[PDB]
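Residue strings, one per chain:
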Amino acid sequence: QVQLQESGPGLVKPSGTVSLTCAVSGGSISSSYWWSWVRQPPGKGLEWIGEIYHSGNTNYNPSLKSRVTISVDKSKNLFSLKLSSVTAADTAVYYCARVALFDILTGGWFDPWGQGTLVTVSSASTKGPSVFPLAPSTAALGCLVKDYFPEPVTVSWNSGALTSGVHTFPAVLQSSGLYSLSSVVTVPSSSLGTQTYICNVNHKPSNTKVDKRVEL
Amino acid sequence: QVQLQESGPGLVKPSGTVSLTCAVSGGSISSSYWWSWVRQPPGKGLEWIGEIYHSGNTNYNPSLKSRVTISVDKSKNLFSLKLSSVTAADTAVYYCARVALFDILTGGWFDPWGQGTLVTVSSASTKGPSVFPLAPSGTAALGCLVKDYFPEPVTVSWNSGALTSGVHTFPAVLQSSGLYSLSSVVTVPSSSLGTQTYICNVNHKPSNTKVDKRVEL
Amino acid sequence: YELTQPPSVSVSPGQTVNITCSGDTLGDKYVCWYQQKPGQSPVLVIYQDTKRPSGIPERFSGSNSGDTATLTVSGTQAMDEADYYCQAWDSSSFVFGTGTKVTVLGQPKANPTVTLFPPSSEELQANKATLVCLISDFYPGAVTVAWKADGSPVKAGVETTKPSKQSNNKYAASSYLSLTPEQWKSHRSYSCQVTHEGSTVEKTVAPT
Amino acid sequence: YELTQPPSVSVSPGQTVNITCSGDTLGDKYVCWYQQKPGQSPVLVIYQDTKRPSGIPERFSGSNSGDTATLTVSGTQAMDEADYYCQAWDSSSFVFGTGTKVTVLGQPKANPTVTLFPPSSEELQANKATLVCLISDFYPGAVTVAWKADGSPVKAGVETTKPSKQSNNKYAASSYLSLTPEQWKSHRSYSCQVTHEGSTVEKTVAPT
Amino acid sequence: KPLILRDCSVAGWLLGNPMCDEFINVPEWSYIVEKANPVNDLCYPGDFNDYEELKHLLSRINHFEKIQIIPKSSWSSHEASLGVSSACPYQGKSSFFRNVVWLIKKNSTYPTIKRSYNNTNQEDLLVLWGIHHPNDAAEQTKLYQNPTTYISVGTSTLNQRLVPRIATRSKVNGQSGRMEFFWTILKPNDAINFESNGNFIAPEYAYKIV
Amino acid sequence: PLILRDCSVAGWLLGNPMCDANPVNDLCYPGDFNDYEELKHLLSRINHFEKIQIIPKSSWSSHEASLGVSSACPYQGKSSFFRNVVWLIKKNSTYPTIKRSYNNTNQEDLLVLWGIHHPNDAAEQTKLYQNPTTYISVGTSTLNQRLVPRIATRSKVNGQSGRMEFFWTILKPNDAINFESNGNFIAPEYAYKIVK
Ligand SMILES: *[C@@H]1O[C@H](CO[C@@H]2O[C@@H](C)[C@@H](O)[C@@H](O)[C@@H]2O)[C@@H](O[C@@H]2O[C@H](CO)[C@@H](O)[C@H](O)[C@H]2NC(C)=O)[C@H](O)[C@H]1NC(C)=O
């Protein structure tokens, strides 16, 4: 069976170049197949980047054609991707895939796919998070964990004592290049004035431990 | 092997003309090579002046094109450089070199270079230095400023050679006037200030200058 | 070239669900379909309109006519719950559909609860302003969030998480509107509209 | 056209040192490299990006890509300590880089001590004013001196010597700012910034 | 000057097989012959009616010239470039014979074709055309939309009607379908007429012969 | 009539800089001229010979059309190239794919020339055209050509360790010639009207 494997820097600074390589095993680059790159930003759709033939022929996505290059190394049996002048919009999971032609008509299908690799575009460096209270007006209250880098952040409530009705949302990457998430806990309204709530934010990469009490 | 040799005066008065010639040995001027001049002011970078082909064709540095001329003598197998209206900024080591074209693309590389020759542009003559005290504000530092002398050298001692420890005499600097200047400093304990006298002894033999200066607080 | 798909569909276990793909003159093009489960690579289920790769169950089928291609899954199972994309070719470019999330109904429908937080007093002092819209306890896990400032749509400064499973197995999601303290005070009202199964719920905050 | 080089780099004996050269679209041009030792003529070590002249050790190599050319010396030796220049051609002109001083580390690194003297009262009486900045006891012998008047850069009236070896084998240097008595009193502060191995040290004097 | 072929066959070169390796600079020839054994005959698999007779005819010819008679852009109601196969690759992608056109449906429609070319030259014209025999019914609809189709070719000396034989055949060059190619010599002042509602492989280039 | 001295037929058609029977110089940059004997025979029976521009050098807005030069073809002491043909090289760090087509709308046959560069080594391939693996496609109604550059070090002729291969064809009226390349393309600028 043919297997495809992506590898390259997972973190790239703005205005920089995304440089990826796809290793091909179980098959030869020198085929009637085409070799293509596809990317997917977190929680979004798939986007075709471009493709290359072993002869050197290429076809690119016109919206990316300005800053994209795809080459091929037959000796090492791999092909690569270069995407220059990157922005926050270029943060995505990048796939390499093999494309096969139809017997009749233009086009083709993508099989097999590589495992993919996440490339984050951010000029950020290691930074501790700010923690703000999400006070209630049953009722819902939580903690906003904003402007940290990089992943991840773990949040607990009352040192792990409070787990029911607790949901910690996935992180989001803002356009500033800093991550953000929230951790909420839904509680009965009468219990608000008679109970204290404390979130426990932990950010290991910066060794930041922040305890924040959510008031009324 | 090809060898290149610069020759010329080495001392030129301001507003005058620097005139240099480059002898080429081991090879003929009438080649596919270009022949170039490059200069370097002391402790600074290389600056391309210009080039010439054996046919007479030339190319110059746009910033020097006003006052530079390069010619070539195929019979005597040499080429020369003329730089007029010179200033203190023209004081430099001048190199002549052979330039060969790349097989593909514009440009070329410089090989071999000549030994180089120093051309000094200064209207200066023998002049004695002024001496000023460099007073201090754990140890402390005090010294003497020896300004506007010509030519080299100037020797500085402290307390007539009695004080030698902690004494450092800096090398001379060539000002834009064409006159040398230097300083001599000596580091001493702060507490000794006022209970000890420090005297620098500046000497400039070419002008018969013997100046003793006490550095006060 | 644009390929349009419905954002989400629901289907009971054992029943048949159809996934449509629309584009200009799509009927002349061969269409392919891919299955993608969260955190995994896309999987080819249908190529060349109707052909199945080896290892793909017979209950998967596809068709194409006019400007609409259709992926069909009969006798659907829990392992069929995933995102589905259609794909085609046009003018030296490969094109993927917007994607359709197929949920097999394994629990009763639940309406989402929406809570909108204005910027905290501490954040404003830190020269920042973030509106947080939290959406929780809804099934299936499909939601469209839209931000409004004085009734006018907002795209700039908007970040939204993809629906995630809670402890109870009811999905939750979050959306953030990042502003400067100046931008925040400029308007008199801000809105967080949440659409779930044709029903729209909104909350509003005002700088006071 | 400008070719930019770092003023200096350090490398331990046996190690690899990199010398960079930057210019607009340099990757399209062939670049050459020259070694110059104090009191000697430049020597071609690399021509046409990667080619070595006969008699040049294999440990010298070069490369060019984008807007940056690089001279590489692996297994560096004491005799490799020199100034290095890159060169290219553009619009009927040959262009040399600003030059890079490569020091092979033969002794422990030493920080420079900086002493700044205001004009003496005696010099002012002679209608002259010279600020003297003395720099000593530092290794390697590479230094950038910058003069500041009321926080603004000064080029006019600045003269600086090239680093010279002391008795202890630690390099020294001096810088002079020549002014008129009027110019001296005109500003409220003067600074002598000395940069050595990424560290900047300054001394300050004030007209009273 | 004679045309000696290498690698490519006569049928392959006449139709314009992409896979044919041949450098050719002078568009003026006396006659044309192939090697005793050609490496590639047809890129899309099929048959060439009266092949032996045509090869014999193109042997004793004083002048051989190639001319365009029906521009590909003149098919304003049908699609003349999208129709391609992997069996006839060009630069990695699917392509077709250069000298003939694989017409397919435009949008959801394949209007009936009524086209006629009259030989206004002073030389006999070698005109080639073909029919596609698709894999199955599903492909018939996919390419030509219409289920039951025909090809009509008429001259003063020729009367032809073709019906596509839809059947799954063994894969040659990755194709389970076939194509059948036909030819005639169109005399000066004689016209050839074409009528089709599907499966039509139309000529673009013909050959002047003497 | 045009009687040539010293310069060869191939040399004059391509535009050898020192050029303006037994020729001293055939090609200034070393290489081969395919179907040379056939071309000379063709250029024998000609009633009218005229030179025309079909692809302006300035029309290459994405490639570098003047920087590419060799010491093998000197002019006024400095490097130069054939006048009538264009040595396209990379502009910045990029060599976009070329898709160019010219259609002969004249009433006369056109003699079109083009070439491929076989570079010294891999390092030179990248330096000139950026792209490592490249191709040249030349198509007409009667011509189908695909070229792949042979990267190899050869003996120095005119100071060059690389070679160039030049090709030609007769473009009939109303026929068009198509070019496609991502490197090593030596593109025509001038063609020649000929009359039998
Ligand atoms: C000196 O630089 C090299 C960098 O090698 C490359 O060549 C340069 C001209 C430039 O194009 C760089 O961007 C290239 O990376 C360093 O050696 C490399 O180090 C990287 C790790 O960052 C490693 O992945 C490579 O394999 C190394 N390559 C080689 C040939 O060793 C080297 O460390 C630098 N030395 C110093 C002292 O900075």
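Residues numbered from 1 in each chain as written, not as in the entry; some residues may be left out. Chains lettered and ligands numbered in written order. Heavy atoms only, no water.

(A) Spotlight on the overall build of chain C. Counting secondary structure elements, chain C contains 2 helices and 18 strands. Each of the three principal axes of chain C carries a C-alpha extent, and together these read 60 × 45 × 25 Å. Counting across all 208 residues of chain C, residues that qualify as buried make up 48%. For chain C, the proportion of contacts with a sequence separation of at least 24, taken over those separated by at least 6, is 57%. As displayed, chain C offers around 9,600 Å² of accessible surface, 47% of which is attributable to carbon and sulfur atoms. Here chain C holds 16 positive side-chain charges and 18 negative ones, and the gap between their average locations is 5 Å. (Helix = DSSP H or I, 4+ residues; strand = E, 2+ residues; numbered from the N terminus. Buried < 20%, exposed > 50% of the residue type's maximum accessible area, 1.4 Å probe, protein only. Contact = heavy atoms within 4.5 Å. Areas by Shrake-Rupley, 256 points an atom, 1.4 Å probe, with all protein chains shown as cover. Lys, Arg positive; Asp, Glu negative; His and termini not counted. Charge placed at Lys NZ, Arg CZ, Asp CG, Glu CD.)

(B) Structural view of the state of the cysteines. All chains considered together, the criterion is met by 12 disulfides over all chains. The disulfide partner of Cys144(B) is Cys200(B), and the S-S distance across this bridge is 2.0 Å. Taking the torsion about the S-S bond as the criterion, the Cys144(B) to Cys200(B) disulfide, at about -85°, is left-handed. A residue pair is termed long-range when its members are at least 10 positions apart, and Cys144(B) in strand 13 (residues 139–149) and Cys200(B) in strand 18 (residues 199–204) qualify at 56 residues. Of the two residues, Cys144(B) and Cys200(B), neither departs from the other in class, the shared state being buried. Shown here is the disulfide that connects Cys43(E) with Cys88(E), its sulfur atoms set 2.0 Å apart. Taking the sign of the torsion about the S-S bond as the criterion, the disulfide between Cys43(E) and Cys88(E), at about 85°, is right-handed. (Disulfide = S-S within 2.5 Å.)

(C) Structural detail: unusual backbone geometry. A cis amide bond, omega -5°, links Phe149(A) with the succeeding residue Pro150(A). Of note, the amide linkage connecting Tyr139(C) to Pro140(C) takes the cis form, showing an omega dihedral of 0°. Within the fold, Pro140(C) resides in the loop between strand 11 (129–138) and strand 12 (144–149). At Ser159(A), a position not held by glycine, the phi torsion is positive, near 60°. Within the element layout of this structure, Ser159(A) appears in the loop between strand 14 (154–157) and strand 15 (166–168). Backbone geometry at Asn169(C) places phi at a positive 85°, although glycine is not the residue there. With respect to the secondary-structure elements, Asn169(C) resides in the loop between strand 15 (164–165) and strand 16 (171–179). With a relative accessible area of 35%, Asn169(C) lands in the partly exposed category.

(D) Expanded view of the domain arrangement of chain C. Residues and elements named next belong to chain C. When cut into domains, chain C gives domain 1 (1–106) and domain 2 (107–208). Distance from the C-alpha centre of domain 1 to the C-alpha centre of domain 2: 31 Å. On the side of domain 2, 7 residues touch domain 1, which itself brings 8 residues to the contact. Both sides of the domain 1 and domain 2 interface together cover about 520 Å² of buried area, and 49% of this is carbon and sulfur. Taken together, the connections running from domain 1 to domain 2 amount to 0 salt bridges. (Domains from an automatic or database assignment. Buried area = accessible area lost by both parts, 1.4 Å probe. Salt bridge = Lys/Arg side-chain N within 4 Å of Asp/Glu carboxyl O.)

(E) The arrangement of the site of the ligand in detail. Residue and element names in this part refer to chain D. All residues adjacent to the ligand are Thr 16, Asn 18, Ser 63 and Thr 70. With respect to the ligand, the side chain of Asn 18 contributes an N or O atom lying 2.3 Å from an oxygen atom. Computed on the free molecule, the ligand has an accessible area of 750 Å², of which 19% lies beneath the protein chains in the complex. The residue inventory of the shell around the ligand, partitioned by class, reads no nonpolar, 4 polar and no charged. (Near = heavy atom within 4 Å. Polar contact = N/O pair within 3.5 Å; in protein donor to acceptor, adjacent residues only side chain to side chain. Nonpolar A, V, L, I, M, F, W, Y, C, P; charged D, E, K, R; others polar.)

(F) A look at the interface of chain B and chain F. Taken residue by residue, the interface counts 11 residues in chain B and 18 residues in chain F. Where chain B abuts chain F, roughly 1,000 Å² becomes buried across the two surfaces, and 58% of that area is made up of carbon and sulfur atoms. Counting the surface chain B buries against chain F, the share from its top three residues, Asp103(B), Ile104(B) and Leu105(B), is 57%. Where chain B packs against chain F, one counts 1 salt bridge. Across the pair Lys78(F) and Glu51(B) runs a salt bridge, and its minimum N-O distance is 2.9 Å.

(G) Expanded view of the interface of chain A and chain C. Chain A puts 46 residues into the contact, and the matching count from chain C is 40 residues. The contact between chain A and chain C buries some 3,600 Å² in all, and 64% of this surface belongs to carbon and sulfur atoms. Together, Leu46(A), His167(A) and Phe169(A) form the three largest contributors to the area buried by chain A at its contact with chain C, with a combined 15%. Note that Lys212(A) is salt-bridged to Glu122(C), the shortest N-O span being 2.8 Å. Applying the counting rule to chain A against chain C returns 15 residue pairs in polar contact. Ranked by residues supplied to the side of chain A that touches chain C, first place goes to strand 10 (residues 108–113) of chain A with 5 residues. Residues that form the side of chain A that touches chain C fall into these classes: 27 nonpolar, 12 polar and 7 charged.

(H) Representation of the pairing of strand 3 (residues 32–36) of chain C. Residues and elements named next belong to chain C. Of all 5 residues making up strand 3, 5 are buried, and the element is well covered by its neighbours. Where burial is concerned, the two faces of strand 3 agree: the one with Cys 32, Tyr 34 and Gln 36 and the one with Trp 33 and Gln 35 are both buried. As paired strands, strand 3 and strand 7 (residues 82–90) are joined by 5 bridges and run antiparallel to one another. Its bridge partner lying in strand 7, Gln 35 is registered against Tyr 84. Bridge analysis of strand 3 against strand 4 (residues 43–46) gives 3 bridges, and the strand direction is antiparallel. Counterpart to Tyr 34 in the pairing with strand 4 is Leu 44. Connecting strand 3 to the antiparallel partner strand 4 that follows it, the hairpin turn spans 6 residues, and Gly 39 within it adopts a positive phi of roughly 85°. (Pairing = 2+ DSSP bridges.)

(I) Representation of the pattern of salt bridges. For the structure shown, the criterion picks out 34 salt bridges over all chains. Linking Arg214(B) and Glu216(B) is a salt bridge whose minimum nitrogen-to-oxygen distance equals 2.9 Å. Taking relative accessible area as the criterion, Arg214(B) reaches 37% and is therefore assigned partly exposed. Given a relative accessible area of 48%, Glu216(B) falls into the partly exposed group. Two residues, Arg59(C) and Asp80(C), come together in a salt bridge whose shortest N-O distance is 2.7 Å. You can see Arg59(C) sitting in the loop between strand 4 and strand 5 (60–65) and its partner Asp80(C) sitting in the loop between strand 6 (68–73) and strand 7, a full 21 residues away along the chain.

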